[PDB]
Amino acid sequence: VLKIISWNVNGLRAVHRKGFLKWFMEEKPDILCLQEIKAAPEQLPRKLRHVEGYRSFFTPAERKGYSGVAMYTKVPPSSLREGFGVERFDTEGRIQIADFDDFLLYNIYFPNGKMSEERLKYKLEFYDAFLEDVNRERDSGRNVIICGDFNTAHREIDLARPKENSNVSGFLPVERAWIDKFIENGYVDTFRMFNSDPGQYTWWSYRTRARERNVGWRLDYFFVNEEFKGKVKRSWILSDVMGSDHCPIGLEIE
């Protein structure tokens, strides 16, 4: 009975100032996966660096205050790989692959593609590198859990304004195709196993005050390989917890 939470936290120091630890005390996950920590460990308060009952792993970006992922775990992994083995994709703080034996756990902050053509390219090439990597591991016999911010809504149901954004990165046809392909390689969007409703979102723009209007996108997913699909008992969106432009998502196993 393992509870895993994924959250693009939009600055760890920022959520801390909004009572992140309190929420983390209340919700007792067995694993906590975070994206966009936007900090080097040394910049973090001591109460955040170490938390009672957990082992903490930080993977910052080389660039200061950019990107970065973190994992808190009640039970240590056998190992923790911080890259795919390709330099350009490995130095932005985007990748945590934690071996818990039963399963590898992928904590990923996938690149946003909105600001440039060259970044959109970076995103898709990251996507590619990711697939090779996760396939290599599942093909070798391992069960995989993949959480994090994918930066893409898959289907029209997955965002409030699908037509206006058909030319916006995050709902480009090229991007949605990749998710299609991803799923075809034997992986399941665990949330879609339990919920087929519309209006289920994980990110809302700050600019519009869109969150109260509920004008969002689903950018955050839990994926498993299908062989492991048996073990997933719950997969939900904690859309009530504030502090970031994303909300956290949840997965329960065994």
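Rigid core here is just the name for the largest C-alpha set that superposes within 1.5 Å across the two forms. So that there is no doubt, residue numbering starts at 1 and follows the sequence shown.
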**Request:** May I ask which stretch, 201-209 or 59-67, sits farther from the shown form in 4 other deposited structures of this protein once every structure is superposed on the core, judging by RMS CA distance?
**Result:** 201-209
**Complete:** Between 217-225 and 44-52, the one drifting more in C-alpha RMS in 4 other deposited structures of this protein once the core is aligned is 44-52
**Per the entry, higher mean C-alpha B factor between 102-110 and 161-169** = 161-169
**Asked** Mean CA B-factor: is it higher for 206-214 or for 28-36?
**Response** 206-214
**Prompt:** Taking the C-alpha B-factors as the PDB entry records them, is residue 140 in the lowest, middle or highest third of its chain?
**Reply:** highest
**Message:** Using the temperature factors of the C-alpha atoms in this entry, rank residue 253 within its chain: lowest, middle or highest third.
**Reply:** highest
**Relative C-alpha B-factor of residue 75, binned into the chain's lowest, middle or highest third** = middle
**Message:** Quick check on the deposited entry: does the C-alpha B-factor of residue 225 sit in the lowest, middle or highest third of its chain?
**Reply:** middle
**Complete:** So, residue 123's CA B-factor, relative to its chain, sits in which third? The middle
